[PDB]
2 protein chains.
Amino acid sequence: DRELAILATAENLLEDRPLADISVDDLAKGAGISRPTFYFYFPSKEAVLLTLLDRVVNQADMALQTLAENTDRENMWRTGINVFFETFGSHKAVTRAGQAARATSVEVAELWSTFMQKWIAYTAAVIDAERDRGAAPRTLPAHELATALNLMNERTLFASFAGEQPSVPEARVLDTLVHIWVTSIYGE
Amino acid sequence: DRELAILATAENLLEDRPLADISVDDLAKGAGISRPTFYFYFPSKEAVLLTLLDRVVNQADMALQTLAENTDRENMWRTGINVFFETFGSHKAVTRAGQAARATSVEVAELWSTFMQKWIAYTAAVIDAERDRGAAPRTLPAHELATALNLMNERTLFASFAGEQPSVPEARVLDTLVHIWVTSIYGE
Ligand SMILES: N#CCC(=O)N1CCC(c2nc(-c3cccs3)no2)CC1
Ligand SMILES: N#CCC(=O)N1CCC(c2nc(-c3cccs3)no2)CC1
């Protein structure tokens with residue numbers, strides 16, 4: 001509860017500054033607590049980002065699970081990719097911080113890797129279902145095609161939300177990715 | 001010349017250790033020079049990685065220029081993506097280091113961004129040429145389609161070469177990307 005306040009403070013601060021320019025004293029102060037009381041909840045600011053990413057990742061995973069318990073094929077994929085556009089799009093600071101943190105934090109890398117393996121495995125299953133039903137041609141190995149498409153979405157989403165040059169404009173991202181997914185899944 | 005030796009030492013060391021676990025004393029020693037003589041050539045180890053990435057990036061850019069001064073459409077794109085698979089594939093350590101460095105080094109980010117804008121702009125031009133000749137349908141904005149495909153290759157190449165979980169196996173990468181590029185460029 002003082003915990004949530006640390007979390008909300010970190011999320012707020014990461015909007016304007018990297019994690020490197022946020023001190024533990026910054027988190028404690030925004031949360032209305034002392035520095036030692038902070039250390040009772042988190043051993044470090046990295047530990048804060050980790051929890052924030054865990055929440056975001058689980059939120060996208062739960063929304064995708066919701067979707068999976070149920071339009072034409074283009075709209076089907078668009079709704080799925082939209083889960084990630086919206087969830088990560090709603091937590092750009094955290095998303096952006098956690099991506100950069102993969103390169104330093106072994107635990108951030110593991111968290112991200114676990115969830116990506118999951119989303120890939122789900123994409124691959126649907127793609128195999130589409131093949132099984134005769135909707136999609138048996139072209140590339142489904143799991144490798146799934147891997148490349150999910151890596152694309154990851155990089156494209158995060159570049160767009162960060163305003164990186166180069167990037168697809170946020171308002172064009174969803175159409176761009178959907179076109180690529182549908183053509184590479186259903187085409188030959 | 002003592003310069004090249006620093007560069008070759010860094011490249012060698014980065015094979016087994018991140019840049020964080022390589023000290024300036026490590027670079028000087030492998031190069032057969034003292035620590036102050038090192039500082040004459042580079043103000044920092046980051047400056048070393050920057051130069052190494054510059055070389056790799058320019059090498060892929062020059063190979064792509066070579067290719068551009070000249071098979072069917074699938075083989076055309078496969079040869080282009082192969083330029084990057086092979087060039088980055090031949091410098092995995094540096095490539096891997098420089099990707100992680102984008103997140104900390106403003107200059108590494110600028111170098112990478114400049115070259116990506118260039119490769120995107122070239123992909124977009126060829127795609128527009130393909131449309132102009134009636135080989136490819138006018139679907140998405142060429143420059144946005146180009147952006148997404150090049151971001152995919154970047155992320156997929158680097159994940160594969162790093163042995164990340166998840167990744168496409170290095171021996172399947174080229175086929176995977178080619179399939180995606182050709183279907184999304186020529187399909188509807
Ligand atoms: N980043 C990231 C992951 C991502 O963009 N996706 C795109 C959507 C993929 C996906 N949708 C589905 C759907 C099933 C039914 C409706 S939709 N099954 O898999 C999950 C990963
Ligand atoms: N990473 C990264 C960049 C990359 O993979 N590509 C793929 C190849 C793209 C490309 N090939 C061509 C070709 C023209 C003629 C033969 S081929 N024009 O553009 C450049 C960027």
# chains A, B, ... in the order shown; residues from 1 in each chain; ligands from 1

$ interface_residues --of "chain A" --to "chain B" --cutoff "9 Å" --atoms "only C-alpha atoms" --output "PyMOL selection string"
chain A and resi 99-104+113-114+116-117+120+139-141+143-145+147-156+159+164-169+172-173+175-177+179-188

$ write_last_selection --atoms "C-alpha atoms" --output "CSV table (one decimal), in the first residue's frame"
chain,number,residue,atom,x,y,z
A,99,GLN,CA,13.4,-2.7,-22.6
A,100,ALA,CA,16.6,-0.8,-21.8
A,101,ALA,CA,16.8,-2.7,-18.5
A,102,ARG,CA,16.9,-6.1,-20.3
A,103,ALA,CA,20.5,-5.3,-21.3
A,104,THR,CA,21.6,-4.8,-17.7
A,113,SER,CA,11.8,-13.9,-22.3
A,114,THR,CA,9.1,-15.9,-20.4
A,116,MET,CA,7.5,-13.6,-25.2
A,117,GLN,CA,7.9,-17.4,-25.3
A,120,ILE,CA,4.9,-16.8,-29.5
A,139,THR,CA,4.7,-22.4,-45.7
A,140,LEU,CA,7.4,-21.7,-43.0
A,141,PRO,CA,7.5,-23.6,-39.6
A,143,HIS,CA,6.8,-21.5,-34.6
A,144,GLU,CA,9.6,-19.7,-36.5
A,145,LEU,CA,7.1,-17.5,-38.4
A,147,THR,CA,8.9,-15.8,-33.5
A,148,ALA,CA,9.8,-13.3,-36.3
A,149,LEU,CA,6.3,-11.7,-36.3
A,150,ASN,CA,6.3,-11.3,-32.5
A,151,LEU,CA,9.9,-9.9,-32.6
A,152,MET,CA,8.8,-7.4,-35.2
A,153,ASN,CA,5.8,-6.2,-33.0
A,154,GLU,CA,8.1,-5.9,-30.0
A,155,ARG,CA,10.6,-3.7,-31.8
A,156,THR,CA,8.1,-1.8,-33.8
A,159,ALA,CA,10.3,2.3,-31.3
A,164,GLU,CA,12.6,6.8,-32.1
A,165,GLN,CA,13.9,7.8,-35.5
A,166,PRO,CA,13.2,5.6,-37.3
A,167,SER,CA,9.8,4.4,-36.3
A,168,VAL,CA,6.3,3.9,-37.7
A,169,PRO,CA,4.0,6.8,-36.5
A,172,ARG,CA,0.0,3.9,-38.4
A,173,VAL,CA,1.5,1.1,-36.3
A,175,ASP,CA,-2.4,-1.2,-39.7
A,176,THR,CA,1.3,-1.8,-40.6
A,177,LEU,CA,1.7,-4.8,-38.4
A,179,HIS,CA,-0.8,-6.1,-43.0
A,180,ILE,CA,2.4,-7.9,-42.4
A,181,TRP,CA,1.0,-10.6,-40.1
A,182,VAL,CA,-2.0,-11.3,-42.4
A,183,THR,CA,0.1,-11.4,-45.7
A,184,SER,CA,2.9,-13.6,-44.2
A,185,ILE,CA,0.5,-16.0,-42.5
A,186,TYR,CA,-2.0,-16.4,-45.3
A,187,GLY,CA,0.1,-15.7,-48.5
A,188,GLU,CA,2.4,-17.7,-50.7

$ residues_near_ligand --ligand "ligand 1" --cutoff "6 Å" --atoms "only C-alpha atoms and all ligand atoms" --output "list in words"
residues 67, 68, 76, 77, 79, 80, 81, 84, 119, 122, 123, 126, 150, 153 and 154 of chain A

$ closest_residue --among "B:138, B:78, B:92, B:55" --to "ligand 2" --atoms "only C-alpha atoms and all ligand atoms"
B:78

$ atom_distance --atom1 "CA of residue 4 (chain B)" --atom2 "CA of residue 51 (chain B)"
10.4 Å

$ closest_residue --among "B:26, B:74, B:107, B:170" --to "ligand 2" --atoms "only C-alpha atoms and all ligand atoms"
B:74

$ residues_around --residues "residue 37 (chain B)" --least-positions-apart "2" --cutoff "12 Å" --atoms "only C-alpha atoms" --output "JSON, numbers by chain"
{"B": [2, 3, 6, 24, 25, 27, 28, 29, 31, 32, 33, 34, 35, 39, 40, 41, 42, 43, 44]}

$ write_last_selection --atoms "N, CA and C atoms" --output "mmCIF file, in the first residue's frame"
data_model
loop_
_atom_site.group_PDB
_atom_site.id
_atom_site.type_symbol
_atom_site.label_atom_id
_atom_site.label_comp_id
_atom_site.auth_asym_id
_atom_site.auth_seq_id
_atom_site.Cartn_x
_atom_site.Cartn_y
_atom_site.Cartn_z
ATOM 1 N N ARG B 2 48.596 1.340 -33.593
ATOM 2 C CA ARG B 2 48.291 0.964 -32.227
ATOM 3 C C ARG B 2 46.786 1.095 -32.050
ATOM 4 N N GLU B 3 46.197 1.981 -32.846
ATOM 5 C CA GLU B 3 44.727 2.128 -32.911
ATOM 6 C C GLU B 3 43.950 0.824 -33.301
ATOM 7 N N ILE B 6 44.002 -1.715 -30.621
ATOM 8 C CA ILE B 6 43.009 -1.481 -29.583
ATOM 9 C C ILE B 6 41.676 -2.044 -30.104
ATOM 10 N N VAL B 24 39.691 -0.486 -19.181
ATOM 11 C CA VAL B 24 40.682 0.199 -20.064
ATOM 12 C C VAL B 24 42.102 -0.422 -19.997
ATOM 13 N N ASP B 25 42.379 -0.998 -18.855
ATOM 14 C CA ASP B 25 43.624 -1.632 -18.590
ATOM 15 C C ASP B 25 43.707 -2.928 -19.408
ATOM 16 N N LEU B 27 42.121 -3.320 -22.413
ATOM 17 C CA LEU B 27 42.384 -2.854 -23.806
ATOM 18 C C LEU B 27 43.855 -2.485 -24.068
ATOM 19 N N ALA B 28 44.417 -1.663 -23.187
ATOM 20 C CA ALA B 28 45.829 -1.284 -23.239
ATOM 21 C C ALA B 28 46.750 -2.504 -23.285
ATOM 22 N N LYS B 29 46.591 -3.384 -22.303
ATOM 23 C CA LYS B 29 47.354 -4.621 -22.221
ATOM 24 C C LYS B 29 47.254 -5.488 -23.490
ATOM 25 N N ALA B 31 46.572 -4.644 -26.478
ATOM 26 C CA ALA B 31 47.090 -3.803 -27.566
ATOM 27 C C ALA B 31 48.599 -3.578 -27.477
ATOM 28 N N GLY B 32 49.184 -3.981 -26.364
ATOM 29 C CA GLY B 32 50.640 -3.837 -26.171
ATOM 30 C C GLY B 32 51.057 -2.402 -25.878
ATOM 31 N N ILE B 33 50.167 -1.641 -25.232
ATOM 32 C CA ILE B 33 50.432 -0.244 -24.912
ATOM 33 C C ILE B 33 50.132 0.023 -23.447
ATOM 34 N N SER B 34 50.554 1.177 -22.959
ATOM 35 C CA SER B 34 50.175 1.619 -21.600
ATOM 36 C C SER B 34 48.773 2.245 -21.572
ATOM 37 N N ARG B 35 48.245 2.398 -20.373
ATOM 38 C CA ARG B 35 46.978 3.049 -20.192
ATOM 39 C C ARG B 35 46.919 4.531 -20.686
ATOM 40 N N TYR B 39 44.603 6.396 -23.929
ATOM 41 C CA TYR B 39 43.784 7.615 -23.827
ATOM 42 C C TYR B 39 44.111 8.653 -24.870
ATOM 43 N N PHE B 40 45.311 8.537 -25.437
ATOM 44 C CA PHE B 40 45.674 9.314 -26.608
ATOM 45 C C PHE B 40 44.791 8.969 -27.823
ATOM 46 N N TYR B 41 44.522 7.688 -28.069
ATOM 47 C CA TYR B 41 43.610 7.212 -29.169
ATOM 48 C C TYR B 41 42.111 7.259 -28.870
ATOM 49 N N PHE B 42 41.702 6.870 -27.666
ATOM 50 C CA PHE B 42 40.294 6.889 -27.321
ATOM 51 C C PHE B 42 40.035 7.484 -25.975
ATOM 52 N N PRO B 43 39.033 8.377 -25.860
ATOM 53 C CA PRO B 43 38.813 8.929 -24.490
ATOM 54 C C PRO B 43 38.206 7.912 -23.513
ATOM 55 N N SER B 44 37.691 6.785 -24.043
ATOM 56 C CA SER B 44 36.997 5.810 -23.225
ATOM 57 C C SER B 44 36.809 4.486 -23.984
#

$ select_by_dssp --residues "region 115-157 of chain B" --states "alpha helix (DSSP H)" --output "ChimeraX atom specification"
/B:115-132,142-157

$ write_last_selection --atoms "N, CA, C and O atoms" --output "short mmCIF file (atom, residue, chain, number, x, y, z; two decimals), in the first residue's frame"
data_model
loop_
_atom_site.label_atom_id
_atom_site.label_comp_id
_atom_site.auth_asym_id
_atom_site.auth_seq_id
_atom_site.Cartn_x
_atom_site.Cartn_y
_atom_site.Cartn_z
N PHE B 115 22.07 5.05 -39.86
CA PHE B 115 22.19 3.97 -40.84
C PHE B 115 20.84 3.28 -41.07
O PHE B 115 20.47 3.03 -42.22
N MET B 116 20.07 3.05 -40.02
CA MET B 116 18.73 2.52 -40.23
C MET B 116 17.83 3.37 -41.14
O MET B 116 17.04 2.81 -41.96
N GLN B 117 17.89 4.68 -40.98
CA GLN B 117 17.10 5.59 -41.83
C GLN B 117 17.53 5.42 -43.27
O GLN B 117 16.71 5.29 -44.19
N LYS B 118 18.83 5.34 -43.45
CA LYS B 118 19.33 5.09 -44.79
C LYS B 118 18.78 3.76 -45.42
O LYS B 118 18.24 3.78 -46.56
N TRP B 119 18.89 2.64 -44.70
CA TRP B 119 18.48 1.31 -45.22
C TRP B 119 17.01 1.25 -45.45
O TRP B 119 16.52 0.65 -46.47
N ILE B 120 16.27 1.85 -44.50
CA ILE B 120 14.80 2.01 -44.72
C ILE B 120 14.45 2.80 -45.99
O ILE B 120 13.52 2.40 -46.73
N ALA B 121 15.17 3.90 -46.23
CA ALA B 121 14.88 4.77 -47.34
C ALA B 121 15.19 4.03 -48.65
O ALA B 121 14.35 4.06 -49.63
N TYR B 122 16.26 3.22 -48.63
CA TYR B 122 16.62 2.38 -49.81
C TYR B 122 15.55 1.27 -50.05
O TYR B 122 15.11 1.07 -51.17
N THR B 123 15.07 0.63 -48.99
CA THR B 123 14.04 -0.43 -49.12
C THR B 123 12.78 0.15 -49.67
O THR B 123 12.11 -0.47 -50.54
N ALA B 124 12.42 1.31 -49.16
CA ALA B 124 11.23 2.00 -49.61
C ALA B 124 11.34 2.36 -51.11
O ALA B 124 10.37 2.14 -51.89
N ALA B 125 12.50 2.85 -51.53
CA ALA B 125 12.71 3.19 -52.94
C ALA B 125 12.55 1.98 -53.84
O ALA B 125 11.97 2.09 -54.91
N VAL B 126 13.02 0.83 -53.41
CA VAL B 126 12.96 -0.36 -54.26
C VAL B 126 11.54 -0.83 -54.30
O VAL B 126 10.99 -1.15 -55.37
N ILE B 127 10.93 -0.88 -53.14
CA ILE B 127 9.53 -1.17 -53.09
C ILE B 127 8.72 -0.24 -54.01
O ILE B 127 7.78 -0.72 -54.65
N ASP B 128 8.99 1.07 -53.99
CA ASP B 128 8.28 1.98 -54.92
C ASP B 128 8.60 1.66 -56.39
O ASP B 128 7.71 1.72 -57.26
N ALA B 129 9.85 1.27 -56.65
CA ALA B 129 10.21 0.85 -58.01
C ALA B 129 9.41 -0.38 -58.45
O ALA B 129 8.92 -0.43 -59.59
N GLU B 130 9.28 -1.36 -57.57
CA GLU B 130 8.48 -2.57 -57.77
C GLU B 130 6.97 -2.27 -58.04
O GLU B 130 6.28 -2.95 -58.90
N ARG B 131 6.44 -1.29 -57.31
CA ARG B 131 5.08 -0.83 -57.55
C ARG B 131 4.96 -0.15 -58.92
O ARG B 131 4.04 -0.48 -59.72
N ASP B 132 5.92 0.72 -59.20
CA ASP B 132 5.94 1.51 -60.43
C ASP B 132 5.98 0.56 -61.63
O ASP B 132 5.37 0.84 -62.67
N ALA B 142 4.78 2.72 -48.55
CA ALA B 142 6.07 2.00 -48.77
C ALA B 142 7.04 2.28 -47.67
O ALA B 142 7.76 1.38 -47.23
N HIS B 143 7.07 3.52 -47.23
CA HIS B 143 8.08 3.89 -46.22
C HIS B 143 7.70 3.31 -44.84
O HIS B 143 8.59 2.91 -44.10
N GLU B 144 6.39 3.24 -44.51
CA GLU B 144 6.04 2.57 -43.27
C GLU B 144 6.22 1.06 -43.30
O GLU B 144 6.74 0.49 -42.33
N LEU B 145 5.85 0.40 -44.44
CA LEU B 145 6.11 -1.00 -44.62
C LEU B 145 7.63 -1.27 -44.49
O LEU B 145 8.08 -2.24 -43.87
N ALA B 146 8.40 -0.42 -45.11
CA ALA B 146 9.89 -0.57 -45.05
C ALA B 146 10.39 -0.47 -43.60
O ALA B 146 11.22 -1.29 -43.12
N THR B 147 9.90 0.52 -42.90
CA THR B 147 10.26 0.67 -41.48
C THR B 147 10.01 -0.62 -40.71
O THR B 147 10.94 -1.17 -40.13
N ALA B 148 8.76 -1.14 -40.71
CA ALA B 148 8.46 -2.36 -39.98
C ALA B 148 9.29 -3.56 -40.37
O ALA B 148 9.75 -4.32 -39.50
N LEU B 149 9.52 -3.76 -41.71
CA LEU B 149 10.34 -4.87 -42.11
C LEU B 149 11.81 -4.75 -41.64
O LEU B 149 12.42 -5.77 -41.30
N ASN B 150 12.40 -3.56 -41.75
CA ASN B 150 13.76 -3.34 -41.29
C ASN B 150 13.86 -3.47 -39.77
O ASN B 150 14.84 -4.02 -39.27
N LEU B 151 12.85 -3.00 -39.02
CA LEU B 151 12.88 -3.22 -37.54
C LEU B 151 12.82 -4.70 -37.15
O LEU B 151 13.57 -5.18 -36.24
N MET B 152 11.95 -5.46 -37.83
CA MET B 152 11.96 -6.87 -37.69
C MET B 152 13.31 -7.53 -37.92
O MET B 152 13.74 -8.36 -37.13
N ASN B 153 13.98 -7.19 -39.03
CA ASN B 153 15.27 -7.82 -39.36
C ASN B 153 16.27 -7.50 -38.25
O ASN B 153 16.99 -8.39 -37.81
N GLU B 154 16.27 -6.23 -37.81
CA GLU B 154 17.18 -5.80 -36.74
C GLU B 154 16.99 -6.66 -35.50
O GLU B 154 17.95 -7.26 -35.01
N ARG B 155 15.76 -6.70 -34.98
CA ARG B 155 15.51 -7.44 -33.80
C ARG B 155 15.70 -8.94 -33.96
O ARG B 155 16.28 -9.62 -33.12
N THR B 156 15.22 -9.49 -35.08
CA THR B 156 15.38 -10.91 -35.33
C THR B 156 16.83 -11.33 -35.51
O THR B 156 17.23 -12.34 -34.96
N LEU B 157 17.61 -10.54 -36.27
CA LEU B 157 19.05 -10.82 -36.48
C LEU B 157 19.74 -10.84 -35.17
O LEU B 157 20.44 -11.80 -34.87
#

$ atom_distance --atom1 "CA of residue 105 (chain A)" --atom2 "CA of residue 86 (chain B)"
29.0 Å

$ residues_around --residues "residue 57 (chain A)" --least-positions-apart "2" --cutoff "9 Å" --atoms "only C-alpha atoms" --output "list in words"
residues 52, 53, 54, 55, 59, 60, 61, 62, 87, 88, 111, 112 and 115 of chain A

$ closest_residue --among "B:63, B:135, B:171, B:7" --to "ligand 2" --atoms "only C-alpha atoms and all ligand atoms"
B:63

$ residues_around --residues "residue 19 (chain A)" --least-positions-apart "2" --cutoff "8 Å" --atoms "only C-alpha atoms" --output "list in words"
residues 14, 17, 21, 22, 23, 45, 46 and 97 of chain A

$ write_last_selection --atoms "C-alpha atoms" --output "PDB file, in the first residue's frame"
ATOM      1  CA  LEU A  14      10.070   7.460 -15.413  1.00  0.00           C
ATOM      2  CA  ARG A  17      13.728  10.771 -16.599  1.00  0.00           C
ATOM      3  CA  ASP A  21      18.346   9.881 -13.168  1.00  0.00           C
ATOM      4  CA  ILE A  22      15.853   8.664 -10.550  1.00  0.00           C
ATOM      5  CA  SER A  23      17.316   8.159  -7.085  1.00  0.00           C
ATOM      6  CA  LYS A  45      15.080   0.936  -7.761  1.00  0.00           C
ATOM      7  CA  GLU A  46      15.762  -1.839 -10.315  1.00  0.00           C
ATOM      8  CA  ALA A  97      12.504   1.576 -19.126  1.00  0.00           C
TER       9      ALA A  97
END
